[PDB]
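Colleague: Sharing a structure here in structure tokens format.
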Amino acid sequence: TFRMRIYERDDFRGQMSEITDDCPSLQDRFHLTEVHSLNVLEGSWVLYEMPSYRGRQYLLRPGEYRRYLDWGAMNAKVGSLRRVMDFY
């Protein structure tokens, strides 16, 4: 299963949305343009700066990410995300 929770504000504050499937446009599905903290519960995921898996990407392994600095980004702008298919 793949599962992650995204929050509106840093440090797991604000409204939380749970995702278990690929998301080519976070704006369309969640009316969201930024993610300020997230918890990856199962599976690995890639965050992308832009819709449809374009722009800079950030790899996320299971764990807790309280600020956007934690996944190495410069800002909290996210346009899409998807599941990592690497087995190893």
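We name chains A, B, ... following the order of the structure tokens; residues begin at 1 in each chain, and ligands are numbered from 1 as shown.
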Write out as a PDB file with N, CA and C atoms, in the first residue's frame all residues of segment 10-71 of chain A that backbone DSSP assigns to strand (DSSP E).

Modeller:
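Now in result.pdb:
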```
ATOM      1  N   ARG A  13       0.275  20.827  11.344  1.00  0.00           N
ATOM      2  CA  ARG A  13      -0.794  21.726  11.747  1.00  0.00           C
ATOM      3  C   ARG A  13      -1.684  21.980  10.548  1.00  0.00           C
ATOM      4  N   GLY A  14      -2.908  22.365  10.817  1.00  0.00           N
ATOM      5  CA  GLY A  14      -3.840  22.680   9.753  1.00  0.00           C
ATOM      6  C   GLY A  14      -4.511  21.409   9.276  1.00  0.00           C
ATOM      7  N   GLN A  15      -5.274  21.547   8.186  1.00  0.00           N
ATOM      8  CA  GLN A  15      -6.018  20.411   7.632  1.00  0.00           C
ATOM      9  C   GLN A  15      -5.063  19.396   7.009  1.00  0.00           C
ATOM     10  N   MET A  16      -5.398  18.129   7.144  1.00  0.00           N
ATOM     11  CA  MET A  16      -4.577  17.015   6.697  1.00  0.00           C
ATOM     12  C   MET A  16      -5.334  16.356   5.573  1.00  0.00           C
ATOM     13  N   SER A  17      -4.667  15.902   4.519  1.00  0.00           N
ATOM     14  CA  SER A  17      -5.264  15.162   3.429  1.00  0.00           C
ATOM     15  C   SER A  17      -4.455  13.879   3.271  1.00  0.00           C
ATOM     16  N   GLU A  18      -5.111  12.729   3.132  1.00  0.00           N
ATOM     17  CA  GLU A  18      -4.392  11.460   2.982  1.00  0.00           C
ATOM     18  C   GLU A  18      -4.459  11.024   1.526  1.00  0.00           C
ATOM     19  N   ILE A  19      -3.316  10.608   1.024  1.00  0.00           N
ATOM     20  CA  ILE A  19      -3.155  10.175  -0.362  1.00  0.00           C
ATOM     21  C   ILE A  19      -2.637   8.723  -0.404  1.00  0.00           C
ATOM     22  N   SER A  37       4.000  20.370   5.508  1.00  0.00           N
ATOM     23  CA  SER A  37       4.617  19.274   6.227  1.00  0.00           C
ATOM     24  C   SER A  37       3.902  17.998   5.744  1.00  0.00           C
ATOM     25  N   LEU A  38       4.450  16.808   5.948  1.00  0.00           N
ATOM     26  CA  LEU A  38       3.811  15.589   5.516  1.00  0.00           C
ATOM     27  C   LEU A  38       4.407  14.432   6.300  1.00  0.00           C
ATOM     28  N   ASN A  39       3.678  13.363   6.334  1.00  0.00           N
ATOM     29  CA  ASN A  39       4.133  12.206   7.025  1.00  0.00           C
ATOM     30  C   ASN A  39       4.073  11.074   5.999  1.00  0.00           C
ATOM     31  N   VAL A  40       5.178  10.396   5.593  1.00  0.00           N
ATOM     32  CA  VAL A  40       5.064   9.275   4.668  1.00  0.00           C
ATOM     33  C   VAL A  40       4.921   8.030   5.527  1.00  0.00           C
ATOM     34  N   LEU A  41       3.770   7.388   5.536  1.00  0.00           N
ATOM     35  CA  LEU A  41       3.545   6.220   6.393  1.00  0.00           C
ATOM     36  C   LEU A  41       3.965   4.896   5.786  1.00  0.00           C
ATOM     37  N   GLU A  42       3.827   4.728   4.470  1.00  0.00           N
ATOM     38  CA  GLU A  42       4.192   3.488   3.789  1.00  0.00           C
ATOM     39  C   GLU A  42       4.520   3.875   2.357  1.00  0.00           C
ATOM     40  N   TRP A  45       7.721   7.991  -2.192  1.00  0.00           N
ATOM     41  CA  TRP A  45       7.013   8.977  -3.003  1.00  0.00           C
ATOM     42  C   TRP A  45       7.963  10.043  -3.570  1.00  0.00           C
ATOM     43  N   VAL A  46       7.638  10.623  -4.715  1.00  0.00           N
ATOM     44  CA  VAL A  46       8.391  11.741  -5.268  1.00  0.00           C
ATOM     45  C   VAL A  46       7.440  12.929  -5.267  1.00  0.00           C
ATOM     46  N   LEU A  47       7.853  14.089  -4.766  1.00  0.00           N
ATOM     47  CA  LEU A  47       7.096  15.331  -4.854  1.00  0.00           C
ATOM     48  C   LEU A  47       7.670  16.084  -6.034  1.00  0.00           C
ATOM     49  N   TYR A  48       6.829  16.779  -6.802  1.00  0.00           N
ATOM     50  CA  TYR A  48       7.245  17.554  -7.966  1.00  0.00           C
ATOM     51  C   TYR A  48       6.722  18.959  -7.802  1.00  0.00           C
ATOM     52  N   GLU A  49       7.557  19.905  -8.207  1.00  0.00           N
ATOM     53  CA  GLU A  49       7.248  21.309  -8.126  1.00  0.00           C
ATOM     54  C   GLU A  49       6.019  21.693  -8.982  1.00  0.00           C
ATOM     55  N   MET A  50       5.779  20.944 -10.057  1.00  0.00           N
ATOM     56  CA  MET A  50       4.816  21.335 -11.060  1.00  0.00           C
ATOM     57  C   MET A  50       3.788  20.271 -11.299  1.00  0.00           C
ATOM     58  N   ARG A  54       6.327  17.327 -13.564  1.00  0.00           N
ATOM     59  CA  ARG A  54       7.294  18.269 -14.134  1.00  0.00           C
ATOM     60  C   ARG A  54       8.010  19.106 -13.049  1.00  0.00           C
ATOM     61  N   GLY A  55       9.119  19.765 -13.382  1.00  0.00           N
ATOM     62  CA  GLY A  55       9.814  20.629 -12.456  1.00  0.00           C
ATOM     63  C   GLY A  55      10.764  19.869 -11.558  1.00  0.00           C
ATOM     64  N   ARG A  56      11.213  20.549 -10.524  1.00  0.00           N
ATOM     65  CA  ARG A  56      12.176  19.910  -9.622  1.00  0.00           C
ATOM     66  C   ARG A  56      11.481  18.799  -8.853  1.00  0.00           C
ATOM     67  N   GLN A  57      12.189  17.728  -8.547  1.00  0.00           N
ATOM     68  CA  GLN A  57      11.611  16.669  -7.772  1.00  0.00           C
ATOM     69  C   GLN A  57      12.329  16.371  -6.462  1.00  0.00           C
ATOM     70  N   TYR A  58      11.610  15.804  -5.506  1.00  0.00           N
ATOM     71  CA  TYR A  58      12.164  15.586  -4.178  1.00  0.00           C
ATOM     72  C   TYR A  58      11.746  14.171  -3.779  1.00  0.00           C
ATOM     73  N   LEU A  59      12.669  13.314  -3.423  1.00  0.00           N
ATOM     74  CA  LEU A  59      12.372  11.933  -3.068  1.00  0.00           C
ATOM     75  C   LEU A  59      12.048  11.845  -1.566  1.00  0.00           C
ATOM     76  N   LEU A  60      10.982  11.102  -1.223  1.00  0.00           N
ATOM     77  CA  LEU A  60      10.521  10.956   0.150  1.00  0.00           C
ATOM     78  C   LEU A  60      10.387   9.487   0.480  1.00  0.00           C
ATOM     79  N   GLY A  63       8.707   8.361   6.845  1.00  0.00           N
ATOM     80  CA  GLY A  63       9.129   9.174   7.983  1.00  0.00           C
ATOM     81  C   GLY A  63       8.333  10.477   8.052  1.00  0.00           C
ATOM     82  N   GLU A  64       8.776  11.363   8.927  1.00  0.00           N
ATOM     83  CA  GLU A  64       8.107  12.612   9.262  1.00  0.00           C
ATOM     84  C   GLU A  64       8.900  13.795   8.719  1.00  0.00           C
ATOM     85  N   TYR A  65       8.250  14.734   8.056  1.00  0.00           N
ATOM     86  CA  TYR A  65       8.874  15.890   7.413  1.00  0.00           C
ATOM     87  C   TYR A  65       8.075  17.099   7.900  1.00  0.00           C
TER      88      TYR A  65
END
```

Colleague: Which residue, A:28, A:7, A:43, A:68, has the smallest gap to residue 80 of chain A when you use only C-alpha atoms?

Modeller: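 Among A:28, A:7, A:43, A:68, it is A:28 that comes nearest to residue 80 of chain A.
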
Colleague: Under the rule that only C-alpha atoms are counted, which of A:62, A:44, A:24, A:71 is the nearest residue to residue 84 of chain A?

Modeller: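 Result for the nearest residue to residue 84 of chain A: A:44.
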
Colleague: Near residue 32 of chain A, within 12 Å and counting only C-alpha atoms, which residues show up once chain neighbours fewer than 2 positions away are dropped, as a ChimeraX atom specification?

Modeller: /A:6-9,15-17,23,25-30,34-36,51,76-80

Colleague: Just the selected residues (C-alpha atoms), exported as a PDB file, in the first residue's frame, please.

Modeller:
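Output file out-v4.pdb is given in full below:
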```
ATOM      1  CA  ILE A   6      -0.055  16.195   3.742  1.00  0.00           C
ATOM      2  CA  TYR A   7      -0.730  19.218   5.947  1.00  0.00           C
ATOM      3  CA  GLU A   8      -1.489  22.788   5.273  1.00  0.00           C
ATOM      4  CA  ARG A   9       0.895  24.297   7.793  1.00  0.00           C
ATOM      5  CA  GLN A  15      -6.018  20.411   7.632  1.00  0.00           C
ATOM      6  CA  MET A  16      -4.577  17.015   6.697  1.00  0.00           C
ATOM      7  CA  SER A  17      -5.264  15.162   3.429  1.00  0.00           C
ATOM      8  CA  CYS A  23      -1.721  12.618  -8.156  1.00  0.00           C
ATOM      9  CA  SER A  25      -2.461  17.771 -10.109  1.00  0.00           C
ATOM     10  CA  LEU A  26      -2.739  18.469  -6.366  1.00  0.00           C
ATOM     11  CA  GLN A  27      -4.631  21.732  -7.230  1.00  0.00           C
ATOM     12  CA  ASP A  28      -7.420  19.849  -9.029  1.00  0.00           C
ATOM     13  CA  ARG A  29      -7.870  17.075  -6.497  1.00  0.00           C
ATOM     14  CA  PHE A  30      -7.234  18.893  -3.258  1.00  0.00           C
ATOM     15  CA  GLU A  34       1.633  24.103  -1.362  1.00  0.00           C
ATOM     16  CA  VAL A  35       2.356  21.407   1.213  1.00  0.00           C
ATOM     17  CA  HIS A  36       4.053  22.572   4.389  1.00  0.00           C
ATOM     18  CA  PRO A  51       1.674  19.496 -12.349  1.00  0.00           C
ATOM     19  CA  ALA A  76       6.538  24.625  -0.114  1.00  0.00           C
ATOM     20  CA  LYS A  77       5.236  24.697  -3.761  1.00  0.00           C
ATOM     21  CA  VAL A  78       4.102  21.196  -4.906  1.00  0.00           C
ATOM     22  CA  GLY A  79       2.117  20.520  -8.088  1.00  0.00           C
ATOM     23  CA  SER A  80       2.023  16.717  -8.203  1.00  0.00           C
TER      24      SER A  80
END
```

Colleague: Just how far from atom CA of residue 31 of chain A is atom CA of residue 86 of chain A, in Å to one decimal?

Modeller: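 A separation of 29.0 Å between them.
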